[PDB]
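Here's final26.txt, which has compact mmCIF, N, CA and C atoms and all ligand atoms:
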# COMPACT_ATOMS: atom_id res chain seq x y z
N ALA P 1 -3.82 -15.14 -5.25
CA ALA P 1 -2.48 -15.02 -5.87
C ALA P 1 -1.76 -13.75 -5.42
N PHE P 2 -1.66 -13.56 -4.10
CA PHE P 2 -0.99 -12.39 -3.56
C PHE P 2 0.52 -12.53 -3.66
N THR P 3 1.02 -13.74 -3.46
CA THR P 3 2.45 -14.00 -3.53
C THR P 3 3.03 -13.62 -4.88
N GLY P 4 4.09 -12.82 -4.85
CA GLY P 4 4.72 -12.40 -6.07
C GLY P 4 5.13 -10.96 -6.03
N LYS P 5 5.81 -10.53 -7.07
CA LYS P 5 6.25 -9.15 -7.16
C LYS P 5 5.21 -8.34 -7.93
N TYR P 6 4.98 -7.12 -7.49
CA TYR P 6 4.01 -6.24 -8.13
C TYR P 6 4.68 -4.95 -8.55
N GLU P 7 4.33 -4.45 -9.72
CA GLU P 7 4.89 -3.20 -10.21
C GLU P 7 3.77 -2.26 -10.62
N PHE P 8 3.99 -0.97 -10.37
CA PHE P 8 3.01 0.07 -10.68
C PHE P 8 2.48 -0.06 -12.11
N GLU P 9 1.17 -0.15 -12.23
CA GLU P 9 0.53 -0.27 -13.53
C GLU P 9 -0.42 0.90 -13.77
N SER P 10 -1.30 1.13 -12.81
CA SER P 10 -2.28 2.20 -12.91
C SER P 10 -2.67 2.72 -11.53
N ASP P 11 -3.39 3.84 -11.51
CA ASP P 11 -3.82 4.44 -10.26
C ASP P 11 -5.03 5.33 -10.50
N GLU P 12 -5.72 5.68 -9.43
CA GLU P 12 -6.90 6.53 -9.50
C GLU P 12 -7.01 7.38 -8.24
N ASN P 13 -7.36 8.64 -8.44
CA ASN P 13 -7.52 9.62 -7.36
C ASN P 13 -6.22 9.84 -6.59
N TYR P 14 -5.09 9.78 -7.29
CA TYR P 14 -3.79 9.98 -6.64
C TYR P 14 -3.68 11.37 -6.03
N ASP P 15 -3.82 12.40 -6.86
CA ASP P 15 -3.70 13.78 -6.41
C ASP P 15 -4.76 14.13 -5.38
N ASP P 16 -5.96 13.62 -5.59
CA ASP P 16 -7.06 13.88 -4.66
C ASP P 16 -6.73 13.33 -3.28
N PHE P 17 -6.18 12.13 -3.26
CA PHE P 17 -5.81 11.47 -2.03
C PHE P 17 -4.71 12.24 -1.30
N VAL P 18 -3.62 12.52 -2.02
CA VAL P 18 -2.49 13.23 -1.45
C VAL P 18 -2.89 14.63 -0.97
N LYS P 19 -3.80 15.28 -1.70
CA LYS P 19 -4.25 16.61 -1.31
C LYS P 19 -5.11 16.57 -0.04
N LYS P 20 -5.78 15.46 0.19
CA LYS P 20 -6.62 15.31 1.38
C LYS P 20 -5.81 14.92 2.60
N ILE P 21 -4.94 13.94 2.43
CA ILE P 21 -4.10 13.48 3.54
C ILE P 21 -3.06 14.53 3.92
N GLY P 22 -2.95 15.57 3.10
CA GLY P 22 -2.01 16.64 3.37
C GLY P 22 -0.58 16.24 3.11
N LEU P 23 -0.36 15.46 2.06
CA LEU P 23 0.97 15.01 1.70
C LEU P 23 1.77 16.18 1.14
N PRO P 24 3.02 16.37 1.58
CA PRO P 24 3.88 17.45 1.09
C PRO P 24 4.24 17.26 -0.38
N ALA P 25 4.23 18.36 -1.13
CA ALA P 25 4.54 18.34 -2.56
C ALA P 25 5.87 17.64 -2.84
N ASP P 26 6.83 17.86 -1.95
CA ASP P 26 8.15 17.28 -2.08
C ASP P 26 8.09 15.75 -2.15
N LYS P 27 7.18 15.16 -1.38
CA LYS P 27 7.04 13.71 -1.35
C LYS P 27 6.07 13.23 -2.42
N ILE P 28 5.06 14.05 -2.69
CA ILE P 28 4.03 13.72 -3.67
C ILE P 28 4.63 13.42 -5.05
N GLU P 29 5.29 14.41 -5.63
CA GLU P 29 5.88 14.27 -6.96
C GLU P 29 7.05 13.30 -6.94
N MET P 30 7.57 13.05 -5.75
CA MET P 30 8.67 12.13 -5.57
C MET P 30 8.16 10.70 -5.67
N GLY P 31 7.02 10.45 -5.04
CA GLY P 31 6.44 9.12 -5.03
C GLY P 31 5.31 8.94 -6.02
N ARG P 32 5.37 9.62 -7.16
CA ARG P 32 4.31 9.50 -8.15
C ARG P 32 4.87 9.06 -9.50
N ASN P 33 4.12 8.19 -10.18
CA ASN P 33 4.49 7.68 -11.50
C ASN P 33 5.81 6.91 -11.45
N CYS P 34 6.19 6.47 -10.26
CA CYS P 34 7.43 5.73 -10.08
C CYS P 34 7.16 4.23 -10.02
N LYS P 35 8.14 3.44 -10.46
CA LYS P 35 8.01 1.99 -10.47
C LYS P 35 8.18 1.38 -9.08
N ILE P 36 7.10 1.38 -8.31
CA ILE P 36 7.11 0.80 -6.98
C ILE P 36 6.94 -0.71 -7.08
N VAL P 37 7.88 -1.46 -6.52
CA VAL P 37 7.81 -2.91 -6.56
C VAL P 37 7.37 -3.45 -5.22
N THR P 38 6.28 -4.21 -5.22
CA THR P 38 5.76 -4.81 -4.01
C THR P 38 5.98 -6.32 -4.04
N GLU P 39 6.93 -6.79 -3.25
CA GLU P 39 7.23 -8.22 -3.20
C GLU P 39 6.47 -8.88 -2.05
N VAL P 40 5.59 -9.82 -2.40
CA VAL P 40 4.78 -10.52 -1.42
C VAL P 40 5.18 -11.98 -1.28
N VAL P 41 5.37 -12.41 -0.04
CA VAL P 41 5.73 -13.79 0.26
C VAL P 41 4.61 -14.46 1.06
N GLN P 42 4.23 -15.67 0.65
CA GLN P 42 3.19 -16.43 1.33
C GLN P 42 3.76 -17.17 2.54
N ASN P 43 3.36 -16.74 3.73
CA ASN P 43 3.81 -17.37 4.96
C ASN P 43 2.60 -17.67 5.85
N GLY P 44 1.83 -18.68 5.48
CA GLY P 44 0.64 -19.03 6.24
C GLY P 44 -0.41 -17.96 6.11
N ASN P 45 -0.50 -17.10 7.11
CA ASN P 45 -1.44 -16.00 7.09
C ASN P 45 -0.69 -14.69 7.21
N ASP P 46 0.63 -14.80 7.16
CA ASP P 46 1.51 -13.66 7.26
C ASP P 46 1.98 -13.27 5.86
N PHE P 47 1.48 -12.15 5.37
CA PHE P 47 1.86 -11.66 4.06
C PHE P 47 2.84 -10.51 4.20
N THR P 48 3.95 -10.61 3.50
CA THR P 48 4.97 -9.58 3.56
C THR P 48 4.73 -8.51 2.51
N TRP P 49 4.57 -7.28 2.94
CA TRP P 49 4.36 -6.19 2.01
C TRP P 49 5.65 -5.39 1.89
N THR P 50 6.40 -5.65 0.83
CA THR P 50 7.65 -4.96 0.61
C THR P 50 7.50 -3.91 -0.48
N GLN P 51 7.78 -2.66 -0.15
CA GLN P 51 7.68 -1.57 -1.11
C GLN P 51 9.07 -1.08 -1.47
N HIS P 52 9.43 -1.21 -2.72
CA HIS P 52 10.74 -0.77 -3.19
C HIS P 52 10.61 0.54 -3.93
N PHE P 53 11.48 1.47 -3.59
CA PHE P 53 11.47 2.78 -4.21
C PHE P 53 12.71 2.96 -5.06
N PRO P 54 12.53 3.21 -6.37
CA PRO P 54 13.65 3.39 -7.30
C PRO P 54 14.52 4.59 -6.95
N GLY P 55 15.76 4.31 -6.57
CA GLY P 55 16.69 5.36 -6.21
C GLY P 55 16.32 6.07 -4.92
N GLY P 56 15.57 5.40 -4.05
CA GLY P 56 15.16 6.02 -2.80
C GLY P 56 15.09 5.03 -1.65
N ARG P 57 14.45 5.45 -0.57
CA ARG P 57 14.31 4.62 0.63
C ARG P 57 13.28 3.52 0.42
N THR P 58 13.53 2.37 1.03
CA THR P 58 12.65 1.22 0.93
C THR P 58 11.79 1.10 2.19
N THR P 59 10.70 0.35 2.08
CA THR P 59 9.78 0.13 3.19
C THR P 59 9.26 -1.30 3.14
N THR P 60 9.30 -2.01 4.25
CA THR P 60 8.83 -3.38 4.29
C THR P 60 8.01 -3.64 5.55
N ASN P 61 6.75 -4.00 5.37
CA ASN P 61 5.86 -4.27 6.49
C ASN P 61 5.14 -5.58 6.29
N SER P 62 5.39 -6.51 7.17
CA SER P 62 4.76 -7.81 7.12
C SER P 62 3.57 -7.81 8.07
N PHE P 63 2.53 -8.55 7.73
CA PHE P 63 1.34 -8.60 8.57
C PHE P 63 0.70 -9.98 8.55
N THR P 64 0.21 -10.39 9.70
CA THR P 64 -0.46 -11.66 9.82
C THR P 64 -1.96 -11.40 9.96
N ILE P 65 -2.75 -12.01 9.09
CA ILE P 65 -4.19 -11.86 9.14
C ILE P 65 -4.74 -12.21 10.52
N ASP P 66 -5.47 -11.24 11.10
CA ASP P 66 -6.09 -11.37 12.42
C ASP P 66 -5.05 -11.17 13.52
N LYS P 67 -3.96 -10.50 13.16
CA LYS P 67 -2.87 -10.23 14.08
C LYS P 67 -2.37 -8.79 13.90
N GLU P 68 -1.96 -8.17 15.01
CA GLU P 68 -1.43 -6.81 14.98
C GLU P 68 -0.04 -6.82 14.33
N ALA P 69 0.18 -5.94 13.37
CA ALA P 69 1.45 -5.89 12.68
C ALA P 69 2.12 -4.53 12.83
N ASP P 70 3.45 -4.55 12.83
CA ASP P 70 4.23 -3.33 12.95
C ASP P 70 4.39 -2.75 11.56
N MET P 71 3.91 -1.54 11.35
CA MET P 71 3.99 -0.93 10.04
C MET P 71 4.70 0.42 10.05
N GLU P 72 5.10 0.83 8.86
CA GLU P 72 5.77 2.10 8.65
C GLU P 72 5.48 2.58 7.23
N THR P 73 5.34 3.88 7.06
CA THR P 73 5.07 4.43 5.75
C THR P 73 6.35 5.00 5.14
N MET P 74 6.25 5.46 3.91
CA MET P 74 7.40 6.02 3.23
C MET P 74 7.68 7.43 3.73
N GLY P 75 6.68 8.04 4.37
CA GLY P 75 6.84 9.38 4.89
C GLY P 75 7.52 9.39 6.25
N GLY P 76 7.75 8.21 6.80
CA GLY P 76 8.41 8.11 8.09
C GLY P 76 7.44 8.03 9.25
N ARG P 77 6.45 7.16 9.14
CA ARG P 77 5.47 6.99 10.20
C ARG P 77 5.60 5.62 10.84
N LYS P 78 5.81 5.59 12.14
CA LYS P 78 5.93 4.33 12.87
C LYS P 78 4.61 4.05 13.58
N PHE P 79 4.00 2.90 13.29
CA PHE P 79 2.72 2.57 13.90
C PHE P 79 2.41 1.08 13.80
N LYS P 80 1.29 0.68 14.40
CA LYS P 80 0.83 -0.69 14.36
C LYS P 80 -0.65 -0.71 14.03
N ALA P 81 -1.09 -1.79 13.41
CA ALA P 81 -2.49 -1.94 13.05
C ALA P 81 -2.85 -3.40 12.89
N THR P 82 -4.13 -3.70 12.93
CA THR P 82 -4.60 -5.06 12.77
C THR P 82 -5.13 -5.26 11.36
N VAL P 83 -4.72 -6.35 10.72
CA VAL P 83 -5.14 -6.64 9.37
C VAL P 83 -5.92 -7.94 9.32
N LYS P 84 -7.05 -7.92 8.64
CA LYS P 84 -7.88 -9.10 8.52
C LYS P 84 -8.17 -9.37 7.05
N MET P 85 -8.87 -10.45 6.77
CA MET P 85 -9.20 -10.79 5.40
C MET P 85 -10.70 -10.98 5.25
N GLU P 86 -11.28 -10.37 4.23
CA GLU P 86 -12.71 -10.47 4.00
C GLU P 86 -13.01 -11.08 2.62
N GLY P 87 -13.02 -12.40 2.56
CA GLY P 87 -13.31 -13.07 1.31
C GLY P 87 -12.14 -13.03 0.34
N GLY P 88 -10.94 -13.24 0.86
CA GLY P 88 -9.76 -13.23 0.01
C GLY P 88 -9.20 -11.84 -0.21
N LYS P 89 -9.74 -10.87 0.51
CA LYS P 89 -9.30 -9.49 0.40
C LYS P 89 -8.65 -9.06 1.70
N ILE P 90 -7.47 -8.50 1.61
CA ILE P 90 -6.76 -8.04 2.79
C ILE P 90 -7.22 -6.65 3.18
N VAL P 91 -7.87 -6.53 4.33
CA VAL P 91 -8.37 -5.24 4.79
C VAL P 91 -7.69 -4.81 6.09
N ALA P 92 -7.23 -3.57 6.11
CA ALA P 92 -6.58 -3.01 7.27
C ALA P 92 -7.45 -1.90 7.86
N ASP P 93 -7.52 -1.84 9.18
CA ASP P 93 -8.33 -0.84 9.85
C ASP P 93 -7.47 0.31 10.37
N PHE P 94 -7.82 1.52 9.95
CA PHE P 94 -7.09 2.73 10.35
C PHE P 94 -8.07 3.89 10.56
N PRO P 95 -7.69 4.87 11.40
CA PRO P 95 -8.53 6.03 11.65
C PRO P 95 -8.66 6.92 10.41
N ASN P 96 -9.88 7.01 9.88
CA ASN P 96 -10.17 7.80 8.67
C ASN P 96 -9.33 7.31 7.49
N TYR P 97 -8.94 6.04 7.56
CA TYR P 97 -8.15 5.41 6.51
C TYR P 97 -8.54 3.94 6.39
N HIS P 98 -8.96 3.55 5.20
CA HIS P 98 -9.36 2.18 4.96
C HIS P 98 -8.58 1.61 3.78
N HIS P 99 -7.74 0.62 4.04
CA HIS P 99 -6.93 0.01 2.99
C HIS P 99 -7.36 -1.43 2.74
N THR P 100 -7.68 -1.73 1.49
CA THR P 100 -8.09 -3.07 1.10
C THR P 100 -7.32 -3.52 -0.14
N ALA P 101 -6.74 -4.70 -0.07
CA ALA P 101 -5.98 -5.25 -1.18
C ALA P 101 -6.67 -6.49 -1.73
N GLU P 102 -6.78 -6.57 -3.05
CA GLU P 102 -7.43 -7.71 -3.70
C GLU P 102 -6.86 -7.93 -5.10
N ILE P 103 -7.25 -9.03 -5.72
CA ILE P 103 -6.77 -9.37 -7.05
C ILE P 103 -7.90 -9.28 -8.08
N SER P 104 -7.72 -8.40 -9.06
CA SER P 104 -8.71 -8.22 -10.11
C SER P 104 -8.15 -8.67 -11.47
N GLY P 105 -8.38 -9.94 -11.80
CA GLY P 105 -7.92 -10.46 -13.07
C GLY P 105 -6.41 -10.56 -13.17
N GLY P 106 -5.78 -11.04 -12.12
CA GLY P 106 -4.34 -11.18 -12.13
C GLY P 106 -3.61 -9.89 -11.80
N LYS P 107 -4.34 -8.91 -11.30
CA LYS P 107 -3.75 -7.64 -10.94
C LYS P 107 -4.09 -7.29 -9.50
N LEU P 108 -3.13 -6.70 -8.82
CA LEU P 108 -3.29 -6.31 -7.44
C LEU P 108 -3.77 -4.87 -7.37
N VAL P 109 -4.89 -4.66 -6.72
CA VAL P 109 -5.44 -3.33 -6.59
C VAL P 109 -5.66 -2.99 -5.12
N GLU P 110 -4.97 -1.96 -4.66
CA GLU P 110 -5.11 -1.52 -3.29
C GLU P 110 -6.00 -0.30 -3.24
N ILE P 111 -7.04 -0.36 -2.42
CA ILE P 111 -7.95 0.75 -2.26
C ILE P 111 -7.75 1.38 -0.89
N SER P 112 -7.45 2.66 -0.88
CA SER P 112 -7.22 3.39 0.35
C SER P 112 -8.16 4.58 0.46
N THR P 113 -9.12 4.48 1.37
CA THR P 113 -10.07 5.55 1.58
C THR P 113 -9.59 6.44 2.72
N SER P 114 -9.60 7.74 2.51
CA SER P 114 -9.17 8.67 3.53
C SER P 114 -9.87 10.00 3.36
N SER P 115 -10.62 10.38 4.39
CA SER P 115 -11.35 11.64 4.41
C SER P 115 -12.35 11.74 3.25
N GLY P 116 -12.78 10.59 2.74
CA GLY P 116 -13.75 10.58 1.65
C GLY P 116 -13.14 10.18 0.32
N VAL P 117 -11.86 10.45 0.13
CA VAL P 117 -11.21 10.13 -1.13
C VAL P 117 -10.81 8.66 -1.20
N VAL P 118 -11.18 8.02 -2.29
CA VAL P 118 -10.85 6.62 -2.52
C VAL P 118 -9.67 6.51 -3.48
N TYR P 119 -8.52 6.16 -2.95
CA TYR P 119 -7.32 6.01 -3.75
C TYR P 119 -7.15 4.56 -4.19
N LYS P 120 -6.95 4.36 -5.48
CA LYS P 120 -6.76 3.02 -6.02
C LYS P 120 -5.43 2.94 -6.75
N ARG P 121 -4.80 1.79 -6.66
CA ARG P 121 -3.53 1.56 -7.32
C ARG P 121 -3.47 0.14 -7.84
N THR P 122 -3.39 0.01 -9.15
CA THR P 122 -3.32 -1.29 -9.78
C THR P 122 -1.88 -1.66 -10.08
N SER P 123 -1.47 -2.82 -9.60
CA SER P 123 -0.12 -3.30 -9.81
C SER P 123 -0.15 -4.67 -10.47
N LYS P 124 0.66 -4.84 -11.51
CA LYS P 124 0.72 -6.11 -12.23
C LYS P 124 1.60 -7.11 -11.48
N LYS P 125 1.33 -8.39 -11.69
CA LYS P 125 2.10 -9.45 -11.04
C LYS P 125 3.17 -9.97 -11.98
N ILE P 126 4.41 -9.82 -11.57
CA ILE P 126 5.55 -10.26 -12.34
C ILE P 126 6.50 -11.00 -11.43
N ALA P 127 7.49 -11.68 -11.99
CA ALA P 127 8.47 -12.39 -11.19
C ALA P 127 9.87 -12.19 -11.76
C1 LIG T 201 7.85 8.39 -2.14
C2 LIG T 201 7.70 9.20 -0.85
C3 LIG T 201 9.02 9.24 -0.08
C4 LIG T 201 10.13 9.85 -0.94
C5 LIG T 201 11.46 9.88 -0.17
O1 LIG T 201 11.48 9.95 1.05
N1 LIG T 201 12.55 9.84 -0.94
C6 LIG T 201 13.90 9.86 -0.37
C7 LIG T 201 14.06 11.08 0.54
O2 LIG T 201 13.78 12.20 0.06
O3 LIG T 201 14.47 10.87 1.70
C8 LIG T 201 6.60 8.62 0.03
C9 LIG T 201 6.36 9.45 1.30
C10 LIG T 201 4.84 9.45 1.50
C11 LIG T 201 4.39 8.30 0.60
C12 LIG T 201 2.90 8.31 0.23
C13 LIG T 201 2.04 8.10 1.48
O4 LIG T 201 2.42 6.87 2.10
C14 LIG T 201 0.56 8.05 1.10
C15 LIG T 201 0.32 6.94 0.08
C16 LIG T 201 0.65 5.59 0.72
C17 LIG T 201 0.39 4.46 -0.27
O5 LIG T 201 0.74 3.21 0.33
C18 LIG T 201 1.24 4.67 -1.52
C19 LIG T 201 0.92 6.02 -2.16
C20 LIG T 201 1.17 7.16 -1.18
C21 LIG T 201 0.77 8.49 -1.82
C22 LIG T 201 2.65 7.20 -0.80
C23 LIG T 201 3.53 7.40 -2.03
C24 LIG T 201 5.01 7.46 -1.66
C25 LIG T 201 5.22 8.59 -0.65
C26 LIG T 201 4.86 9.96 -1.23
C1 LIG T 202 -2.35 3.94 5.91
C2 LIG T 202 -0.85 3.99 5.62
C3 LIG T 202 -0.45 5.35 5.04
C4 LIG T 202 -0.84 6.50 5.98
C5 LIG T 202 -0.36 7.84 5.44
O1 LIG T 202 -1.13 8.80 5.36
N1 LIG T 202 0.92 7.88 5.08
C6 LIG T 202 1.54 9.10 4.54
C7 LIG T 202 3.03 9.11 4.90
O2 LIG T 202 3.76 8.25 4.35
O3 LIG T 202 3.41 9.98 5.71
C8 LIG T 202 -0.42 2.86 4.68
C9 LIG T 202 1.10 2.82 4.50
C10 LIG T 202 1.52 1.43 5.00
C11 LIG T 202 0.29 0.63 4.60
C12 LIG T 202 0.21 -0.78 5.18
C13 LIG T 202 1.34 -1.66 4.63
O4 LIG T 202 1.25 -1.70 3.20
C14 LIG T 202 1.23 -3.08 5.18
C15 LIG T 202 -0.15 -3.67 4.86
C16 LIG T 202 -0.30 -3.82 3.34
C17 LIG T 202 -1.65 -4.45 3.02
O5 LIG T 202 -1.80 -4.57 1.61
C18 LIG T 202 -2.77 -3.56 3.58
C19 LIG T 202 -2.62 -3.40 5.09
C20 LIG T 202 -1.26 -2.78 5.43
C21 LIG T 202 -1.10 -2.69 6.95
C22 LIG T 202 -1.15 -1.38 4.82
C23 LIG T 202 -2.29 -0.49 5.32
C24 LIG T 202 -2.16 0.95 4.82
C25 LIG T 202 -0.79 1.49 5.24
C26 LIG T 202 -0.63 1.45 6.76
When written as structure tokens, how does the structure in this file appear?
Ligand SMILES: C[C@H](CCC(=O)NCC(=O)O)[C@H]1CC[C@H]2[C@@H]3[C@H](O)C[C@@H]4C[C@H](O)CC[C@]4(C)[C@H]3CC[C@]12C
Ligand SMILES: C[C@H](CCC(=O)NCC(=O)O)[C@H]1CC[C@H]2[C@@H]3[C@H](O)C[C@@H]4C[C@H](O)CC[C@]4(C)[C@H]3CC[C@]12C
Amino acid sequence: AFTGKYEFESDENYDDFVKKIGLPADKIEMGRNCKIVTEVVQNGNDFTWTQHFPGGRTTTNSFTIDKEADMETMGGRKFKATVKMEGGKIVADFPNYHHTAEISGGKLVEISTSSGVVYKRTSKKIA
């Protein structure tokens, strides 16, 4: 049940993650505790990851499972990566960064490991 809109519900190791990745304070407090909306559309194996920022810049990155996708972050990073699925879980491969998206009881939880820190973000499914 990836298709749908997701809104910030909970998170774990936020500060730890940002402190490790070396995220600037200006962006950290800017992108924290904010209602990020992730709109997902089911297109075969191509899942659209749309990140909406309240009163700020938006980011939209679509990816096809087992296909290289063009991605961009909110910090202004242009890059590409390959995304695959492991048992209904969307996993992306990155250098010292591991992102996995899955559904836990009707909730979307993205796990991002970086430099040892495991960042989790639970988003509820709404329409
Ligand atoms: C919200 C800010 C961008 C704020 C912004 O640019 N506002 C308008 C402006 O000042 O131009 C973005 C930039 C870096 C983004 C973070 C980085 O991408 C790291 C990490 C990425 C995860 O997908 C979401 C959480 C997390 C931690 C992001 C939260 C949102 C951040 C902090
Ligand atoms: C790993 C980067 C964040 C790297 C970082 O440190 N950013 C800080 C900054 O914004 O400067 C995040 C931001 C965009 C995220 C990708 C986009 O959300 C698109 C896609 C979403 C899927 O749920 C997971 C794979 C995939 C491809 C995500 C993997 C993790 C990415 C690529």
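One distance worth recording is that between atom C of residue 79 in chain P and atom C24 of ligand LIG 202 (chain T), which is 10.1 Å.
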### Task
Rank nothing, just name the residue among P:84, P:124, P:67, P:5 nearest to residue 38 in chain P, using all atoms listed in the file.
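Among the listed residues, the smallest separation from residue 38 in chain P belongs to P:5.
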### Picked from chain P by DSSP as strand (DSSP E or B), as a ChimeraX atom specification
/P:4-12,37-40,42-43,46-52,59-64,67-72,78-85,90-94,97-103,107-114,117-126
Counting all atoms listed in the file, which residues of chain P fall within 6.5 Å of ligand LIG 201 (chain T), and what is the closest atom pair for each with its distance in Å at one decimal, ordered by chain and rising number, as a Markdown table?
| residue | atom | partner | partner_atom | distance |
| --- | --- | --- | --- | --- |
| P:18 | CA | T:LIG201 | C21 | 5.8 |
| P:26 | C | T:LIG201 | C4 | 6.4 |
| P:27 | C | T:LIG201 | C26 | 3.7 |
| P:28 | N | T:LIG201 | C26 | 4.3 |
| P:29 | N | T:LIG201 | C26 | 6.3 |
| P:30 | C | T:LIG201 | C1 | 4.2 |
| P:31 | CA | T:LIG201 | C1 | 3.3 |
| P:32 | N | T:LIG201 | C1 | 5.7 |
| P:55 | C | T:LIG201 | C6 | 6.4 |
| P:56 | CA | T:LIG201 | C6 | 4.7 |
| P:57 | N | T:LIG201 | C6 | 4.4 |
| P:73 | CA | T:LIG201 | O4 | 5.1 |
| P:74 | C | T:LIG201 | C9 | 3.4 |
| P:75 | N | T:LIG201 | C9 | 3.4 |
| P:76 | N | T:LIG201 | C9 | 5.8 |
Distance limit 7 Å, reference ligand LIG 202 (chain T), atoms considered: only N, CA and C atoms and all ligand atoms. Which residues make the cut? Give them as a JSON list (two decimals) with N, CA and C atoms, in the coordinates of the input.
[["chain", "number", "residue", "atom", "x", "y", "z"],
["P", 21, "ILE", "N", -4.94, 13.94, 2.43],
["P", 21, "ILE", "CA", -4.10, 13.48, 3.54],
["P", 21, "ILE", "C", -3.06, 14.53, 3.92],
["P", 23, "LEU", "N", -0.36, 15.46, 2.06],
["P", 23, "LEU", "CA", 0.97, 15.01, 1.70],
["P", 23, "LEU", "C", 1.77, 16.18, 1.14],
["P", 48, "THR", "N", 3.95, -10.61, 3.50],
["P", 48, "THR", "CA", 4.97, -9.58, 3.56],
["P", 48, "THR", "C", 4.73, -8.51, 2.51],
["P", 49, "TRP", "N", 4.57, -7.28, 2.94],
["P", 49, "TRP", "CA", 4.36, -6.19, 2.01],
["P", 49, "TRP", "C", 5.65, -5.39, 1.89],
["P", 50, "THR", "N", 6.40, -5.65, 0.83],
["P", 50, "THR", "CA", 7.65, -4.96, 0.61],
["P", 50, "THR", "C", 7.50, -3.91, -0.48],
["P", 60, "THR", "N", 9.30, -2.01, 4.25],
["P", 60, "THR", "CA", 8.83, -3.38, 4.29],
["P", 60, "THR", "C", 8.01, -3.64, 5.55],
["P", 61, "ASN", "N", 6.75, -4.00, 5.37],
["P", 61, "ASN", "CA", 5.86, -4.27, 6.49],
["P", 61, "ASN", "C", 5.14, -5.58, 6.29],
["P", 62, "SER", "N", 5.39, -6.51, 7.17],
["P", 62, "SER", "CA", 4.76, -7.81, 7.12],
["P", 62, "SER", "C", 3.57, -7.81, 8.07],
["P", 63, "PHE", "N", 2.53, -8.55, 7.73],
["P", 63, "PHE", "CA", 1.34, -8.60, 8.57],
["P", 63, "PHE", "C", 0.70, -9.98, 8.55],
["P", 69, "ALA", "N", 0.18, -5.94, 13.37],
["P", 69, "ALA", "CA", 1.45, -5.89, 12.68],
["P", 69, "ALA", "C", 2.12, -4.53, 12.83],
["P", 71, "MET", "N", 3.91, -1.54, 11.35],
["P", 71, "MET", "CA", 3.99, -0.93, 10.04],
["P", 71, "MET", "C", 4.70, 0.42, 10.05],
["P", 72, "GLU", "N", 5.10, 0.83, 8.86],
["P", 72, "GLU", "CA", 5.77, 2.10, 8.65],
["P", 72, "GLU", "C", 5.48, 2.58, 7.23],
["P", 73, "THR", "N", 5.34, 3.88, 7.06],
["P", 73, "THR", "CA", 5.07, 4.43, 5.75],
["P", 73, "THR", "C", 6.35, 5.00, 5.14],
["P", 74, "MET", "N", 6.25, 5.46, 3.91],
["P", 74, "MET", "CA", 7.40, 6.02, 3.23],
["P", 74, "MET", "C", 7.68, 7.43, 3.73],
["P", 75, "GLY", "N", 6.68, 8.04, 4.37],
["P", 75, "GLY", "CA", 6.84, 9.38, 4.89],
["P", 75, "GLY", "C", 7.52, 9.39, 6.25],
["P", 76, "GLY", "N", 7.75, 8.21, 6.80],
["P", 76, "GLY", "CA", 8.41, 8.11, 8.09],
["P", 76, "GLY", "C", 7.44, 8.03, 9.25],
["P", 77, "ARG", "N", 6.45, 7.16, 9.14],
["P", 77, "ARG", "CA", 5.47, 6.99, 10.20],
["P", 77, "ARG", "C", 5.60, 5.62, 10.84],
["P", 81, "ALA", "N", -1.09, -1.79, 13.41],
["P", 81, "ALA", "CA", -2.49, -1.94, 13.05],
["P", 81, "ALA", "C", -2.85, -3.40, 12.89],
["P", 82, "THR", "N", -4.13, -3.70, 12.93],
["P", 82, "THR", "CA", -4.60, -5.06, 12.77],
["P", 82, "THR", "C", -5.13, -5.26, 11.36],
["P", 83, "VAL", "N", -4.72, -6.35, 10.72],
["P", 83, "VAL", "CA", -5.14, -6.64, 9.37],
["P", 83, "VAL", "C", -5.92, -7.94, 9.32],
["P", 90, "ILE", "N", -7.47, -8.50, 1.61],
["P", 90, "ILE", "CA", -6.76, -8.04, 2.79],
["P", 90, "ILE", "C", -7.22, -6.65, 3.18],
["P", 91, "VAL", "N", -7.87, -6.53, 4.33],
["P", 91, "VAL", "CA", -8.37, -5.24, 4.79],
["P", 91, "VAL", "C", -7.69, -4.81, 6.09],
["P", 92, "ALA", "N", -7.23, -3.57, 6.11],
["P", 92, "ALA", "CA", -6.58, -3.01, 7.27],
["P", 92, "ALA", "C", -7.45, -1.90, 7.86],
["P", 93, "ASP", "N", -7.52, -1.84, 9.18],
["P", 93, "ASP", "CA", -8.33, -0.84, 9.85],
["P", 93, "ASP", "C", -7.47, 0.31, 10.37],
["P", 94, "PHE", "N", -7.82, 1.52, 9.95],
["P", 94, "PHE", "CA", -7.09, 2.73, 10.35],
["P", 94, "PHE", "C", -8.07, 3.89, 10.56],
["P", 97, "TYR", "N", -8.94, 6.04, 7.56],
["P", 97, "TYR", "CA", -8.15, 5.41, 6.51],
["P", 97, "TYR", "C", -8.54, 3.94, 6.39],
["P", 98, "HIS", "N", -8.96, 3.55, 5.20],
["P", 98, "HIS", "CA", -9.36, 2.18, 4.96],
["P", 98, "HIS", "C", -8.58, 1.61, 3.78],
["P", 99, "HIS", "N", -7.74, 0.62, 4.04],
["P", 99, "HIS", "CA", -6.93, 0.01, 2.99],
["P", 99, "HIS", "C", -7.36, -1.43, 2.74],
["P", 100, "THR", "N", -7.68, -1.73, 1.49],
["P", 100, "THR", "CA", -8.09, -3.07, 1.10],
["P", 100, "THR", "C", -7.32, -3.52, -0.14],
["P", 101, "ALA", "N", -6.74, -4.70, -0.07],
["P", 101, "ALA", "CA", -5.98, -5.25, -1.18],
["P", 101, "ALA", "C", -6.67, -6.49, -1.73],
["P", 110, "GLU", "N", -4.97, -1.96, -4.66],
["P", 110, "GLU", "CA", -5.11, -1.52, -3.29],
["P", 110, "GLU", "C", -6.00, -0.30, -3.24]]
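If only N, CA and C atoms are the atoms counted, then among P:78, P:96, P:2, P:12 the closest residue to residue 42 in chain P is P:2.
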### Message
Give me, as a PyMOL selection string, the residues of chain P that a backbone DSSP run labels helix (DSSP H, G or I).
### Response
chain P and resi 14-21+25-28
